[PDB]
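Shown next, in structure tokens, is the structure this report addresses.
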Amino acid sequence: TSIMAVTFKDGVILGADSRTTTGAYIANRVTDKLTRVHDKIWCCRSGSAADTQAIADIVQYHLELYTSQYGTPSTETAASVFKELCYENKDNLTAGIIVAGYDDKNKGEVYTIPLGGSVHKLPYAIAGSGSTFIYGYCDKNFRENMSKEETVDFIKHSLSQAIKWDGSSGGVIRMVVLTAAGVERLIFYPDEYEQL
Amino acid sequence: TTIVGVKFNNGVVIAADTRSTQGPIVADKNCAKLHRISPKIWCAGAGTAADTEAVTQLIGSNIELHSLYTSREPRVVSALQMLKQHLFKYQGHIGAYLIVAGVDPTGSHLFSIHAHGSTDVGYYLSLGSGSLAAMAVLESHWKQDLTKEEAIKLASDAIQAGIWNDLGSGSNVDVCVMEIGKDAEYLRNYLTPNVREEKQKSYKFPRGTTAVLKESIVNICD
Amino acid sequence: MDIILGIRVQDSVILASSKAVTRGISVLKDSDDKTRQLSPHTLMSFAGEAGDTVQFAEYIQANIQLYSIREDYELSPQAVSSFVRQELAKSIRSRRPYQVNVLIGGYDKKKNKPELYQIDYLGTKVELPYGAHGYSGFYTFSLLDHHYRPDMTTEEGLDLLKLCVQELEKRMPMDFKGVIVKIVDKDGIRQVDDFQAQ
Amino acid sequence: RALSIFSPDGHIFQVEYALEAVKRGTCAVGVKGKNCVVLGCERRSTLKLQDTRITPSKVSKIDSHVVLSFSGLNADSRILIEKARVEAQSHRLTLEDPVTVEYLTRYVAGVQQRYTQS
Amino acid sequence: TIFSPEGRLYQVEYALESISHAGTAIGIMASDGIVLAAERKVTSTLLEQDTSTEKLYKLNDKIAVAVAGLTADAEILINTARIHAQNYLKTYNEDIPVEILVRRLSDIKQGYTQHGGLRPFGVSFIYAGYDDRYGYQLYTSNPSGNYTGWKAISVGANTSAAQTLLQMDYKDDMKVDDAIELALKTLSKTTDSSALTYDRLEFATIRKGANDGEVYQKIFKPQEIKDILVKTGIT
Amino acid sequence: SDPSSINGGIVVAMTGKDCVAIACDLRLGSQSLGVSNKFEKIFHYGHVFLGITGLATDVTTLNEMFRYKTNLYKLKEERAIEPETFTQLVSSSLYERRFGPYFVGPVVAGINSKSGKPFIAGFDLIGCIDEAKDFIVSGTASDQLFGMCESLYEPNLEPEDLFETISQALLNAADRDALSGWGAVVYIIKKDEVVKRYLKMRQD
Amino acid sequence: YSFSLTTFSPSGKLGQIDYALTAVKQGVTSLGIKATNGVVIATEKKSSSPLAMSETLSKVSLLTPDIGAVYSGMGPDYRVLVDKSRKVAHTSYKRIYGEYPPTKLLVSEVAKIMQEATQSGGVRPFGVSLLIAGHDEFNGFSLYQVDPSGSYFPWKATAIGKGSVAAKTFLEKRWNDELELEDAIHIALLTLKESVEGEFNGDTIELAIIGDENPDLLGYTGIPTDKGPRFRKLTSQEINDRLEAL
Amino acid sequence: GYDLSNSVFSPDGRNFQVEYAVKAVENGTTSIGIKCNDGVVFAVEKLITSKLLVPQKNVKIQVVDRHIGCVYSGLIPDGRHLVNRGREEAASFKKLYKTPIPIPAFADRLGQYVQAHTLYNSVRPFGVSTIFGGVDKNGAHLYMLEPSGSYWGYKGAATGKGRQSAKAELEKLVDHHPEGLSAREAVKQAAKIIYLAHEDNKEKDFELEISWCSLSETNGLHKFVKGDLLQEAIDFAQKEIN
Amino acid sequence: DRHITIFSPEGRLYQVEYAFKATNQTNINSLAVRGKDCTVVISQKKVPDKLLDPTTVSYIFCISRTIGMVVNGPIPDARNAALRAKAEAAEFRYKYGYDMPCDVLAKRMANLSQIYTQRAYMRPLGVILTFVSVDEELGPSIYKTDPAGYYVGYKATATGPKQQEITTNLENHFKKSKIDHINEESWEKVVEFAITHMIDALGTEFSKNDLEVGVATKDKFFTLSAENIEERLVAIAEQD
Ligand SMILES: [Mg+2]
Ligand SMILES: [Mg+2]
Ligand SMILES: [Mg+2]
Ligand SMILES: [Mg+2]
Ligand SMILES: [Mg+2]
Ligand SMILES: [Mg+2]
Ligand SMILES: [Mg+2]
Ligand SMILES: [Mg+2]
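Chains as they are written, first to last, in UniProt numbering: chain A, 20 to 215; chain S, 30 to 251; chain V, 1 to 198; chain D, 6 to 123; chain F, 11 to 245; chain W, 2 to 205; chain B, 5 to 250; chain L, 7 to 248; chain Z, 13 to 252.
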């Protein structure tokens, strides 16, 4: 898995590869790793598929209840719910989650909840087995307040590298753009990203 | 075991081989691995046999009750959600691996479920020890917009790959076709390419061959 | 292993049980009675893990004695043995199983037949002309396969038993300090105290 | 819910009415000899055509050396006899001695008492 | 579950009162078998008599009961009784002695009399059974949880009337066929109805065939009641 | 260690023309030591036969349990349980102990009293149903039995012939198993009658 | 409130069970009639507003593919009893024997649910009587009444609620043991007309049968030992067809 | 006797037990809350029963989390019971969702809890009315909650013995200042309104307690009004009484 | 017999009957109509006290993304019912993987009401609940539940003290039009029809602050602000 969320000028973008493996067999080559927990709050999952799905479902349930009663939840609130589940169940969970969201007061925000259940607010985040190979690349090319077009390019290049070096990553690059304008789903095929 | 699911233009088909094994021994040469969750939602299982049948009957039973309670046809997403939540609760201990397919008022659906409670969606899937042989056929011949006929052929062919090349699969092909307009059609022993040849000899014994010590009538009645 | 033998002749069931109690390197006692009377016509011998053995025997005894008083009646040997089996079958899947093997000998007054049951700690029950628990069986079953007759008197049975005990004194590696022999017939339960010389 | 409570005069009405039920029961008597005790009871005359073989008799063995009889609600008596028999077996099991008659009485009496404040 | 100033149990007394309005059930014990006969309360042409079981229930292969009172209450108790029988069979590998079964059911009834503040069961039973200890046996239990053994007995309506009639004509050395006759005559004489017809009866025997050794329960099918009602001469 | 191997034993059942057969060995052992030569492993509840192999304590228990459950069934339903229904009851009863199972291999044989259809089935220790129409095999000599039956079997055998086949299958499979044999019993089951035969066999 | 609310009165009466039976008497008439090859259960849809849509409220319910029910008395009490009857069919029977319960046994379970509301602490009895009609392999067709006390009885034909005494009379005259299903449906429509005030058509009347297997209602083909439900609710138009040839 | 148990509806659909609970409130000391342009003000009357009561010491206004004030009239313990619950309810929220509880969220929490005590006959309704509020993500809010569990938002609120005077004075402010009211004005006015409403109970002396939660005057935290600000507000109420 | 939900000798449940009486204590009327592809609920909004914040006075609730609920009854019991419904709708989605239908939520809330009807220790809630949505299977939908645990589907309906006025008004419209919904394509027109027929039936004119409006369309249920309503009042004042 290679997953990332990047904040930019108008919001935030989530990207991921589409490969799921058991050992060296590719169980699914077109997985959707980008998961909606609310209209404009999404997460990328890594670790145990079972764990992360079950967690994602519970958060989605909590935030639907939240909306019924209290209105629109902040991205921080979403991250808090994820943390709670991951922390309190750290013994039986192998889950690493990146939470990304758009919100009118707060613009684009990114939180990462790595394996211990800790929370970290960041301008951008990378995770999954494929991420190790792009720490240098990402640290070098990321700037704050990038345009949409620039941001789409940064994720595309980053994940093509991660895909190139990690056998656990591959397939297509999916992205979700989160802005005041709405929700935009992107996809990029190998023949585009391999030749960068 | 080889099980496949293949989506087509107006529905979804599932197929399976018919071999049951206790280690290297073939126990049943023709069991049915295609099970009904509801009339238009079927599934095939691989892994612990008792588990897949049980998790199928439990959830089938709850789905009936849900349908009666809500006055609506069962949805495949409900079969999925229930199965995945149940399997998850047991942390892998219920060794059920399932391809679940069906038609409901929202359209047609194909899913895979793994024993720890994770799910996948797709247009074509396979599970079982015959998994890779069948997937090799699927990856070769699947296209978007298959007709009913093409999809049956494709799925049938994928099960054959498993039958011929996987020691874990054999005997016959069962198919079930779930088209959006219609009733679901279960096609038991749709293909039978593994007929036992006539034996060279007959082993029926001359009567009296067995030595008997003691004999008596058994009372059944009361 | 403690020695636990039973043989049913024509009109009685004979039980013999080793007298030794050994912990580690020392023989603590050479006169142990590995038996409890359950009812006037039913006797139970036992062998297995140290504390469990007596604890189980007395528990069963308490329960059968309770039944006798509640019903002013004596349960058949078949019923007592079914009851015992069930208790063992329960315990095998419990947190701490009873590790006890038992022989049950009884005289059924309603049928006028003697009866011998062998039940291991798993709740495996079988009814037999003769039986043993532990290593004893490895010698004694073949002896009795050879020497046993269904029509034997109580005294023939004791001679046959004498032969079993002689064999075990010869071939078995542990000193089990002889047996206590008990006969169960129509007149109840009696102890043969003359087995040191017959 | 409390059913047995104190009255203004200091009586526990439900216990007092329990005594009334005894008063209504068939008569039982016991006298002790110099080397024995005899227990005698009367048989009711509401309906007859009884099978005496099988009808629960009024004197009960609690153990091989101790008997119990009663007057009052027949059904109520069965509960006491059962607990008494169980306690007798349990006493043999833990003290390796059958109960004394005083011990057994103190036991039944305590069960009776317990039902007046629960 | 409380005492009256006379030392009586209100709710139990009132339950007994309820029972005296229920159809009469009669049990007679002969030397070679037992009879159970009962009158069905309130009938209609449209009632399905063939597939009906409101007063006579099989507890086990060797034990049956006749019911007087609330049918729904009785079904609760019958079911616990059927279970108790199988626990006993599983524990001891023997069919449960009749008294043991009766004593358990009575104890459950007694319980509702002493704790919980739930109403008692509005039910009285006649138990018909055989075992190898006491042979044929008849018992009775009522909402108090008291139980007694009898050579002949009745429950429900007109017990007093039926009790006197049975006392009159019962004789120890009776045979079952004679006891069948006795039970039907007694119901016939105590009915609050015009006449005693087959469609107002339940009937059952427990017989130990002489050319056998084991015991058979016969629950009379309506047709056979009609026949036996003619044989004994009540057409 | 392996509970399925401690005591020993085999059961086999076959179908024929308007009949079924079920057979078992008589051995009860404790590893190498043979303890009883009278341990039968076939039971019946009305007209439904059940053979059980495996840990002998569990064999006994499950017999007692299915007597219990079928007795109640008969009282409530006012008819004897049929083979198809019983198969289901065995299955769900086993699966109820999923994570602490009984160490047994049950085999069910009978004729449906309404349809007259011959019926057999088998289960694994947790209730998975093997529904095959020809033969079902179980126990420490299951491989041997599978071999014998696959070779010896033909459909639509007459009761008198089905008897020879099943007996031969059992005897020869037993003789290649150290933990089976010591005597054998065979049931020939028809709508109207059931015959029981004790076979003569090697006492080693 | 952990004590019984249904107690015995000095006369031996169980007050709340009587009072519940009174509630049933006030309810809209329903009936059931048993033929040789079927059973019909029927009732009136007494709608509470002409602004209400009467099909969104069924008084006739499937309990199992071969068992249906109808009631008289308090509707909401019926609704929950149906939910619990459906569940108990599964938890106490189908999950055990892999088939649906015979009619008598399911009725027996529903009766038990009602009986308990008659004895448990802090509850009132159910205010309904149900008629339950079904088929099963070994008992054939059957019809049962169940009362708030938990009693049940088998009927060849019966009626409950408002006009029950007159309707029981009209049935007692008209019933015989040679009735085909179509005839029983006829008799059911007639009997129901006497007790129905307003409009009498396929929109105000509710009929279901327990008849032949309906393979078109199964939902799938392929398995031939499975033939379809015997419970069928007649449509508005099927009802009207039988009224014009009245 | 339709008024022996709580969960009992009267034939007209009323709950007499709740109606009687209100009498306990009316019987209580007077308290008020005023919603200003960017905050809320709470004020209450403390009856000086005796010289022996220590001044400034029997605090009545209670804080919940850091941003909410609660004041009540009726049975004091009942109000404490309710604030304890409010505190658990606010912590549980913060624990899961990380943000401090919004005032309407908190309102309904108290609301649902109070209503629960009118569903069962083994319980009595609360014998208080509570005035509460604070600042959250989107403004100031003021609430009043009655023994039935009824609550609504307010521009101004009053309860207890002096309720009617206070409401009349409150109504005036709403008319004279449609634009808004500065947090310091609202404090001064609160001291006035409590002073005016005191006359309905003039036979005993009283001590005044004020607290506030303003975005600009307290950073959106609840703080007690103390020293200089309290004295200046008192002097205002004194001067404006004549 | 009059204090708890046990039967009276006439077979009645008095506490249930008294709970229906509570439903009118607020003296508010409400009505609901189905459009071609929407559903509209209107309720009167009365703000007697000048000290109240008008914005927090509401008897319309957003239960889920798709379901709205109007309540006729005192607010505390109303909010108790709203919370449960919200929770029940969230749970359904989680367990069964689709949005809870209007009718199913209704059946569920009715089932809970039945329980209060049967168990001695719970009092019924003094409220009538009207549920609206555009169901994905059934189209625009109105389902109403009461303290008896009764519920049904409606073509249109009305609730409150002056319930009958409005009912007969609509009853007459549907006698005329012969169909079972308002034959209009935009929800703005269906909201107008609804306000119009409330005016005729109740014989009152409404300002923007006297009304409260909820609209359910495919995949959203929402409520109108004062200003959305004002735009609706102006529009009606050009045929009328
Ligand atoms: Mg790669
Ligand atoms: Mg193969
Ligand atoms: Mg094997
Ligand atoms: Mg061998
Ligand atoms: Mg050998
Ligand atoms: Mg006011
Ligand atoms: Mg209450
Ligand atoms: Mg209630």
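Where a beta carbon is used, it is the ideal one built from N, C-alpha and C, also for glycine.
Selection from the options that minimises the alpha carbon distance to residue i
i: S:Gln51; options: S:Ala162, S:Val202, S:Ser137 and S:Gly197; result: S:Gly197
i: D:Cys41; options: D:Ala114, D:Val71 and D:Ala89; result: D:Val71
i: S:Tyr152; options: S:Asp174, S:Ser67, S:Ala165 and S:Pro134; result: S:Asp174
i: Z:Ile18; options: Z:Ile211, Z:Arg131, Z:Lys62 and Z:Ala34; result: Z:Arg131
i: S:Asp46; options: S:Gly199, S:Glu214 and S:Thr238; result: S:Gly199
i: A:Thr71; options: A:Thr170, A:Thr113 and A:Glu128; result: A:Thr113
Three-state class that DSSP yields for residue i in the structure shown
i: W:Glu97; result: coil
i: B:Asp220; result: helix
i: Z:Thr142; result: strand
i: L:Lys178; result: helix
i: A:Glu203; result: strand
i: S:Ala125; result: strand
i: A:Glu103; result: helix
Residue i Cβ short of 8 Å to ligand 3 heavy atom set
i: W:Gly106; result: yes
Chain V residues whose Cβ lies nearer than 7 Å to that of residue i
i: D:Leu98; result: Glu58 and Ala62
Sub-9 Å separation of residue i and residue j beta-carbons
i: S:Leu183; j: S:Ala144; result: no
i: Z:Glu149; j: Z:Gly47; result: no
i: F:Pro130; j: F:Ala25; result: yes
Near ligand 7: residue i beta-carbon under 8 Å from a heavy atom
i: Z:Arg135; result: yes
Where residue i meets chain Z, residues with beta-carbon distance less than 8 Å
i: A:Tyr80; result: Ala102, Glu103, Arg105 and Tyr106
i: B:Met57; result: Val164, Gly165, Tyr166, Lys167 and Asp192
Under 8 Å from the C-beta of residue i: neighbouring residues of chain S
i: Z:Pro113; result: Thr99 and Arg101
Proximity test, residue i beta-carbon vs ligand 2 heavy atom, cut-off 8 Å
i: S:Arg48; result: yes
Ligand 5 heavy atom lying under 8 Å from the CB of residue i
i: W:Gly9; result: no
i: B:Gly144; result: no
Proximity test, residue i beta-carbon vs ligand 1 heavy atom, cut-off 8 Å
i: A:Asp210; result: no
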